[PDB]
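Below is one structure, written out as structure tokens; the observations come after it.
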Ligand SMILES: *[C@@H]1O[C@H](CO)[C@@H](O[C@@H]2O[C@H](CO)[C@@H](O)[C@H](O)[C@H]2NC(C)=O)[C@H](O)[C@H]1NC(C)=O
Ligand SMILES: *[C@@H]1O[C@H](CO)[C@@H](O[C@@H]2O[C@H](CO)[C@@H](O)[C@H](O)[C@H]2NC(C)=O)[C@H](O)[C@H]1NC(C)=O
Ligand SMILES: *[C@@H]1O[C@H](CO)[C@@H](O[C@@H]2O[C@H](CO)[C@@H](O)[C@H](O)[C@H]2NC(C)=O)[C@H](O)[C@H]1NC(C)=O
Ligand SMILES: CCOCc1nc2c(N)nc3ccccc3c2n1CC(C)(C)O
Ligand SMILES: CCOCc1nc2c(N)nc3ccccc3c2n1CC(C)(C)O
Ligand SMILES: *[C@@H]1O[C@H](CO)[C@@H](O)[C@H](O)[C@H]1NC(C)=O
Ligand SMILES: *[C@@H]1O[C@H](CO)[C@@H](O)[C@H](O)[C@H]1NC(C)=O
Ligand SMILES: *[C@@H]1O[C@H](CO)[C@@H](O)[C@H](O)[C@H]1NC(C)=O
Ligand SMILES: *[C@@H]1O[C@H](CO)[C@@H](O)[C@H](O)[C@H]1NC(C)=O
Ligand SMILES: *[C@@H]1O[C@H](CO)[C@@H](O)[C@H](O)[C@H]1NC(C)=O
Ligand SMILES: *[C@@H]1O[C@H](CO)[C@@H](O)[C@H](O)[C@H]1NC(C)=O
Ligand SMILES: *[C@@H]1O[C@H](CO)[C@@H](O)[C@H](O)[C@H]1NC(C)=O
Ligand SMILES: *[C@@H]1O[C@H](CO)[C@@H](O)[C@H](O)[C@H]1NC(C)=O
Ligand SMILES: *[C@@H]1O[C@H](CO)[C@@H](O)[C@H](O)[C@H]1NC(C)=O
Ligand SMILES: *[C@@H]1O[C@H](CO)[C@@H](O)[C@H](O)[C@H]1NC(C)=O
Ligand SMILES: *[C@@H]1O[C@H](CO)[C@@H](O)[C@H](O)[C@H]1NC(C)=O
Ligand SMILES: *[C@@H]1O[C@H](CO)[C@@H](O)[C@H](O)[C@H]1NC(C)=O
């Protein structure tokens, strides 16, 4: 019990080690900077509110600020919400920041500013002005930034935030910023590389602009540069998901053979979507240290068969040559130059979108002696034919990616095609060697398909066309396999011996194999688990399972079963007792997800039929309208119960008399109108309680004893129907004074009434008239 | 417009032609019979309420009743709701019905009654007592029913409603019911056919019981019998979705060879799930008239190859032999006896679940000269091989059904396996010859697959594995095809010539082909419609479409496009204008469904890009948060606008000023809190307005002018947040007195407040204190 309730609508955190006082008002529907921000505040975040102006009054007392993050209070129209459009650009009055003598970082992105704010203090190292309307950079406006190290100025002139002219940078605008390390002028309608830049630069971002030519002297003095990105100048526009204008005459970005001669420290060079047709070896004459080269989205199909430049790249770790195919050509095979065999240090090679019919072992020979190679990505190639046995020569790899091909007998889903993959907003690999054949056209498998692949630890066959009864013979070579992803196929579980040859299998995913489960009368052996002696996790979600020939699933090893998106309602049809012990003999089961099974009620017998060590149970999203809480007594190890998104109207009379073990109880999104008188009495093991999005009007102390409440890690109460009368005096006082974490106090823990108090936050509620 | 507002919570309808006054109180959450039921009431329905008793008071004034339907006021526990269980059986006091001199039909199903109710009037023709607890029938209890024609007594003793003993029927119980035509004793735990039954019977239902044997004289005197159902006596229990006990020693229902000799009028004989191994021809010696025979779910696999009995069935119209397979046998081929060729009158033949590998032309030769044959169903057979050309000999058929097989180069989904398909609760065929290959394993198609099939009007390929670029060559022989269902495949629309060879195609479904639309960078030609010159309807739902190589779809014929479940939000990304005319050149488009496209706002240009004759537009389920109503002015022929299930908060100031053509406006399930002052002023075209499930508090007269309300066919206002204060005087009076059709007045047009009035129906609201 606090003496001084916190009324500030911001989260406040103390890191006493670094003398930091962190005040986070992100997304609090503020129209002004709140009063009462601590005087010792060092980090203030006001991102995503609607504060229309800054003034000397804004940060007057806050002389210790090292960081102000004031992003996105007035976002450009095409980037922002159309339902609450910002009426007018952010107004910054003079002298708003000059008193902030300690200020090291100022983020003003996304405020529709017209100029670089002046009057900035000389302590400043980082200034961020992305997604404003600043499209002319003048030396005079940069004087104030003598000590600046990091300067983000991109996204001020592009299709989502147009300025309708070419960007302008004055000659030498940046040269006297003698500490400047990082400069980003991406997405800006820039026409030439600005010169001369300070020789202190380590990173220069010039991507997504209109630079048609690099001058031979553009990067001459940049002997500390580590990252250079020039991508998206003369873009390759085929199937671009954004408005795309190529350089005329089908020209590439014109880079002189000596343009990079000064860049002795360069580790990263990105030349994505520059419409390049050749890669001159001479580019790399004085760069020995290069680690990452991106040449995706050019027209380098022919060059890949020649590629003399690779002889200059013995320290390269990553090479990307994806999407270099020649339009309207479907090549017979892949032609990799012998020069690839020079890439001594290569760990990652990506060649998506080369677009060819047949992959053959001899085509990968240039890679045979790359000892460090960990990832080979040949996805999205429309490969029809590939003998998988070729990968016996690639046992050292971590991931072989043939995803999205047409074979028959982790990068973001948008990655190569998106406009700016580093734009800022307001998995089985860890098991060992992985062969990813997801999203192919495999319709039938047999043992011989996997000959010589016994070293594989993860096989991903998700999203193939496999419509086959498995009998234990199809995967015989895969003696080491620990993870099989068989999701999104048409498994037919006619035989209980399915998968038994995978003797080291720990995780099996057969989710989204609903096809044979959808048609009446068909045999399904759900007892196939018995044979899998180290199986830890089974996923069988979204299989629409409503019938089973076997009555029990069996396993001595299984710990986790996901059974979401089935029809246990039909299996457990009231009057039919036959499947009430379906999961009972999964003796080591700790986690069971039976959400989304249309269970509007639970027949008696379900809880008695649960296996004895069940710890985490989800019954979410079932339309459940009633629930006999007493039956939780059968679940002696139960720690997490998820009943979210149902239609429950009551809680147990005594949660302690239903379950002694329960730590996490999730009742969000139900129809609960009141709590029982002694609901939480003596529930000392309770740690997490979600009652949000219900219809609760009143809570009294008997239901919510203080010796239970003060031990919760989290208590969620938001989006209820609290009635703020004199009867609510205890709850209101308790909420205002507690240290228990209750999220959304500042925003969605609100009185609905009476009258005067409607829409008011309970945190701000003054009930003195109740005590007169 | 009314002087006497209707307060009765039942719908009341007049059919003056048959002198009927129909009062329907179905599902009105009634706990008593309401007062004020009209004295002239002829049909009274009180089904699905919680009225706990009937007495002389119940129907006292209602002397003209011809029908009382009082079903399901206390349903058996396993059949009923578990959230509102019925506490005690319905109580009927003496003399409750004897005054109802005209009563012809009494339904008392599903009330947990213990006996046949006595004191019934002699006018009664139909009595229904299904799903009660009456399991002993005595002659004495039936004397009141001298005039009874129809008697339903089933579902009184079975697994969903157990009685724990065998059913008992006294000897000759029914014999003196000399007008009895229809008797149903299904689902009753009956052990013998009751005898002697009255010779006036036309239909006898004895299915789902424990009859082990028919005696030779059980049906001797039933010379008027038309329908006999003995199914589910000695059931075939393999994969039964209900608890199933077979007769011992695998015995069939034992039927003597002469058991049916008296049944000269018999038209329908159902012997489903009787575990039959033979069908003696002698059964049918004296039945010439038989039209329908069901022999599904027996063990007749061998008999189908012999089938001498078919020689006695020259008038049979329908024959069902589905699910006769031998357990654990997968036959090479199907062996139909030559005797099938004697089925001169046959229209429908179903043989699902025979379970065989290969279908060959010669196997169907016994059917070649059945001239009347219209439907051939060989679904659910696990057929792997079938030359589709064989169906050139079957051009006279209406439907050829090979659904749910494994072929590679309309009955309810539960039908053959369900317990009782006639249990009572409380498509392209019309285009002509149909070949249904849905739910097969076809992975690649070519022209020659359809050789000799040019007569087909509808082809169903839904749910195959077709992952192929189509180029206009794959369907060349299908010259007459009007409907292609290509849904649930993996169409790759690389070429705009896809489907062009289907020159007569009127409807194309390519819904749920999302696979190639889900991976970035892939080419997709949505302009493939240009070539299809009679195409009327295109469905491309749930394709996840977020990119297109072509900018415009084109067609001179298309009238209906379904484009639901895509990502128009990504295609029309704010700042990208390229796809704003995607639909503009569908010049004859009248119907466009762009629901479920994540459209949280509509970019400007969308409405100007719509084609000119658009009449019906759905933007439902988009998360729409704002809407510029004025843009509706571009849609000059707009008649239906569906904006349901969005997050709109306001209506236009003047709908008339946004659209002159709009007739139907659907705003249900939005967040509207108030209407604009003059919302409907001069909206003379408006005919239908749905404002249900919003948050409206008050409506005043200005918003709703009488000269618009007078032309409304329907105005939906239920599930709002009406505040019943003195400011609501107009709305409350208007609702009570209007003739405009407003559904759910009895149930869901309710005050939320203030206090006293909470949960009260507005129809019942008395505001006299406002006028004092
Ligand atoms: C508070 O503000 C300071 C100043 O911007 C932040 O300091 C940065 O912290 C990380 C450590 O995780 C470093 O790698 C950066 O280089 C630091 N920058 C400077 C300029 O000191 C600090 O992280 C902020 N803390 C918050 C918001 O919690
Ligand atoms: C990028 O700069 C160009 C000019 O280099 C802008 O193009 C001009 O736009 C105006 C108004 O749209 C036209 O009337 C001029 O004719 C254009 N000039 C040229 C030379 O193209 C372009 O809009 C700028 N891009 C962005 C996104 O703001
Ligand atoms: C159908 O009738 C049989 C009796 O013919 C019922 O089975 C008996 O049930 C009692 C109580 O469960 C048992 O003690 C007897 O052993 C059973 N007898 C036999 C012969 O099986 C059965 O309960 C009835 N079915 C239903 C659905 O009520
Ligand atoms: C009407 C079918 O009844 C059971 C059944 N289930 C399957 C099944 N899940 N898959 C099958 C695959 C090939 C052949 C037969 C079957 C099969 N069958 C047929 C059977 C002979 C029993 O295997
Ligand atoms: C990275 C791929 O970009 C374009 C494309 N789209 C498809 C497509 N939808 N399907 C294909 C099928 C076979 C071979 C090539 C393609 C193909 N291709 C390759 C192309 C050469 C244009 O045909
Ligand atoms: C591979 O590519 C190079 C292009 O420089 C070409 O000279 C060579 O003939 C090609 N080999 C094959 C097998 O196509
Ligand atoms: C696949 O490659 C292996 C050699 O690693 C060989 O045994 C096998 O015969 C090849 N398969 C086919 C189908 O050519
Ligand atoms: C397998 O590939 C699919 C589809 O590409 C992906 O979503 C899935 O997570 C992968 N599976 C595993 C286990 O990594
Ligand atoms: C499993 O199927 C394969 C053919 O795909 C066959 O070789 C084998 O005999 C089958 N195994 C058993 C145990 O029946
Ligand atoms: C699985 O299902 C049933 C018993 O419930 C039986 O037909 C089959 O032999 C069983 N197989 C295993 C591995 O338990
Ligand atoms: C009214 O009851 C009579 C007699 O049962 C019946 O024939 C008629 O269909 C009923 N009408 C309606 C509308 O339910
Ligand atoms: C098919 O079936 C019957 C078995 O009932 C057998 O007598 C007959 O010879 C078989 N005929 C053919 C053509 O296989
Ligand atoms: C299918 O049968 C037809 C005769 O109707 C014949 O032309 C064709 O050869 C058969 N096709 C195949 C692939 O066997
Ligand atoms: C085609 O078959 C599927 C069932 O497999 C069914 O859902 C669909 O409605 C049928 N299509 C048509 C046009 O009848
Ligand atoms: C279309 O595809 C078929 C078979 O794949 C082939 O016969 C034909 O060459 C193709 N037509 C065109 C115009 O490419
Ligand atoms: C479809 O789209 C592209 C232009 O994006 C064009 O090449 C192609 O010929 C068009 N086809 C038709 C049938 O209009
Ligand atoms: C909307 O109302 C104004 C004022 O009456 C009128 O001038 C304007 O033309 C109207 N527009 C339409 C489309 O009716």
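Counting neighbours? That spans all protein chains shown, and the Cβs are built from the backbone with ideal geometry, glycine included. Every number here is computed from the coordinates shown, using simple stated rules; none is lab data.
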Within region B:460-493, considering residues that are under 18 Å from residue B:539 (Cα atoms) and touching a helix residue (DSSP H, G or I) at 6+ places or on another chain (Cβ under 8 Å), the one nearest to ligand 3 (Cβ to nearest atom): B:463
Among all residue pairs at least 6 apart or on different chains, which show Cβ distances below 9 Å where the first residue, located in region B:233-252, is farther than 18 Å from residue B:190 by Cβ and the second is outside any loop (DSSP other than H, G, I, E, B)? B:241/A:570; B:241/A:571
Is it true that some residue in region B:129-139 is surrounded by 15 or more Cβ atoms within 10 Å (Cβ to Cβ), out of contact with any helix residue (DSSP H, G or I) (no Cβ under 7 Å at 6 or more places or on another chain), within 14 Å of another protein chain (Cβ to nearest Cβ) and assigned to a loop (DSSP other than H, G, I, E, B)? yes
Would you check which residues across region B:220-274 are within 16 Å of ligand 4 (Cβ to nearest atom) and at positive phi and list them? B:239, B:273
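Before we move on, is residue A:354 under 28 Å from residue B:544 (Cα atoms), under 21 Å from the mean Cα position of the chain (by Cα) and outside any helix (DSSP H, G or I)? Let's see the steps before the verdict.
Working: under 28 Å from residue B:544 (Cα atoms): yes; under 21 Å from the mean Cα position of the chain (by Cα): no; outside any helix (DSSP H, G or I): yes.
Spelling it out, it is not the case that residue A:354 is under 28 Å from residue B:544 (Cα atoms), under 21 Å from the mean Cα position of the chain (by Cα) and outside any helix (DSSP H, G or I).
Condition check ((1) within 14 Å of chain A (Cβ to nearest Cβ); (2) surrounded by fewer than 16 Cβ atoms within 10 Å (Cβ to Cβ); (3) part of a loop (DSSP other than H, G, I, E, B)) across all residues:
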residue	(1), (2), (3)
B:165	no, yes, yes
B:177	no, no, yes
B:188	no, no, yes
B:196	no, yes, yes
B:201	no, no, yes
B:228	no, no, no
B:231	no, no, yes
B:241	yes, no, yes
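Could you tell me whether region B:363-371 includes any residue that is more than 27 Å from residue B:480 (Cβ to Cβ) and not in a loop (DSSP other than H, G, I, E, B)?
From region B:363-371, those more than 27 Å from residue B:480 (Cβ to Cβ) are B:366; that's our starting set.
Add one more test, that the residue is not in a loop (DSSP other than H, G, I, E, B), and what stays is B:366.
Yes, that holds for at least one residue.
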Would you mind stating whether residue B:162 is over 35 Å from the mean Cα position of the chain (by Cα) and away from ligand 17 (no atom under 16 Å from the Cβ)? no
Search result, residues across region A:467-480 that are within 12 Å of ligand 9 (Cβ to nearest atom) and not in a strand (DSSP E or B): A:468, A:470, A:471, A:472, A:473, A:474, A:475, A:476
Looking at region A:628-649, can you tell me whether even one residue there is within 11 Å of another protein chain (Cβ to nearest Cβ) and farther than 25 Å from residue A:676 by Cα? no
Answer yes if at least one residue in region B:649-669 is in contact with a helix residue (DSSP H, G or I) (Cβ under 7 Å, 6 or more places away or on another chain), away from ligand 5 (no atom under 16 Å from the Cβ) and farther than 30 Å from residue B:554 by Cβ, and no otherwise. yes
Which one of B:157, B:237 is within 14 Å of chain A (Cβ to nearest Cβ), more than 22 Å from residue B:298 (Cβ to Cβ) and more than 16 Å from ligand 5 (Cβ to nearest atom)? B:157
Quick one: in region A:600-619, which of the residues that are surrounded by fewer than 20 Cβ atoms within 10 Å (Cβ to Cβ) and either touching a strand residue (DSSP E or B) at 6+ places or on another chain (Cβ under 7 Å) or at positive phi (or both) is nearest to the other protein chains (Cβ to nearest Cβ)? A:605
Mind listing just one residue for me: the one in region B:327-358 that is within 14 Å of another protein chain (Cβ to nearest Cβ) and surrounded by fewer than 19 Cβ atoms within 10 Å (Cβ to Cβ) and, of those, nearest to ligand 15 (Cβ to nearest atom)? B:357
Being within 16 Å of ligand 5 (Cβ to nearest atom) and out of contact with any helix residue (DSSP H, G or I) (no Cβ under 9 Å at 6 or more places or on another chain) is the filter here; which residues of region B:524-564 pass it? B:525, B:526, B:527, B:528
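Here are A:23, A:75: which of them is within 14 Å of another protein chain (Cβ to nearest Cβ) and either away from ligand 16 (no atom under 16 Å from the Cβ) or under 18 Å from residue A:96 (Cβ atoms) (or both)? Break it down stepwise before answering.
On the way: A:23 fails: within 14 Å of another protein chain (Cβ to nearest Cβ).
After applying the criteria, what remains is A:75.
A quick yes/no check of all residues on (1) within 14 Å of another protein chain (Cβ to nearest Cβ); (2) in contact with a strand residue (DSSP E or B) (Cβ under 7 Å, 6 or more places away or on another chain); (3) more than 28 Å from residue B:237 (Cα to Cα):
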{"position": "B:363", "(1), (2), (3)": "no, yes, yes"}
{"position": "B:369", "(1), (2), (3)": "no, no, yes"}
{"position": "B:379", "(1), (2), (3)": "yes, yes, no"}
{"position": "B:387", "(1), (2), (3)": "no, no, yes"}
{"position": "B:393", "(1), (2), (3)": "no, no, yes"}
{"position": "B:404", "(1), (2), (3)": "yes, no, no"}
{"position": "B:412", "(1), (2), (3)": "yes, no, no"}
{"position": "B:418", "(1), (2), (3)": "yes, no, no"}
{"position": "B:439", "(1), (2), (3)": "yes, no, no"}
Condition check for residue B:224: touching a strand residue (DSSP E or B) at 6+ places or on another chain (Cβ under 8 Å) and closer than 25 Å to residue B:201 by Cα: no
